[PDB]
């Protein structure tokens, strides 16, 4: 398999945003009167688009006032403010992106988060220039684990999805890359460390600091 491009996941892979999304969700849900202690009633939501999480909450504990979409955009805005404020770049990111270029690869971003947030996070770490294409799953009918966002990214990159390696922190994200028939590297979130399903990935890293050219190219 000939690798021409590397596509990075964003939340929990490039940035330590999972705690920040949690906080944004918590704060907004609490403001609506939603009983948060019942968080255990929801399925695992790691890697799921925010709209799916808000829908899950709304199915357990409906609320009045703002619609689910209005709640989605409040959570998004809050998560973004938290990201700007803390600048949570994960270890090894800068080096990993550089390595991709050193190894002759195009570089993409494929995320469930809105395109404006993708642009914002990359620009804030002076990484926008290194990314040849960005793809958001926001407007799409289905986000990860549906492969559409990854296929869109490959198309914007101008390469066959088969020539891509996707770096992910979640099972849902990994499945999206495999449903697109891509090579997969995972750097599992702390919340997912010993998930047996990561056996589907081609490479498993404890951190992006450990990333090598062999991991990328096979």
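Positions refer to the first chain, counted from 1.
Averaged over Cα atoms, the B-factor as recorded in the entry is higher for 81-89 than for the other of 95-103 and 81-89.
Of the two stretches examined, 152-160 and 39-47, the record assigns the greater average C-alpha temperature factor to 39-47. Sorting 115, 109, 75, 121 by the CA temperature factor given in the entry leaves 121 at the top. Across 200, 20, 13, 205, the greatest Cα temperature factor reported in the deposited entry is at 205.
Remark: residue 183 belongs to the lowest third of its chain, ranked by C-alpha B-factor as recorded. Among all modelled residues in its chain, residue 26 ranks in the highest third by Cα B-factor. In the PDB entry, a CA B factor belonging to the highest third of its chain's modelled residues is recorded for residue 193. In the deposited entry, the Cα temperature factor of residue 172 sits in the bottom third of values across the chain's modelled residues.
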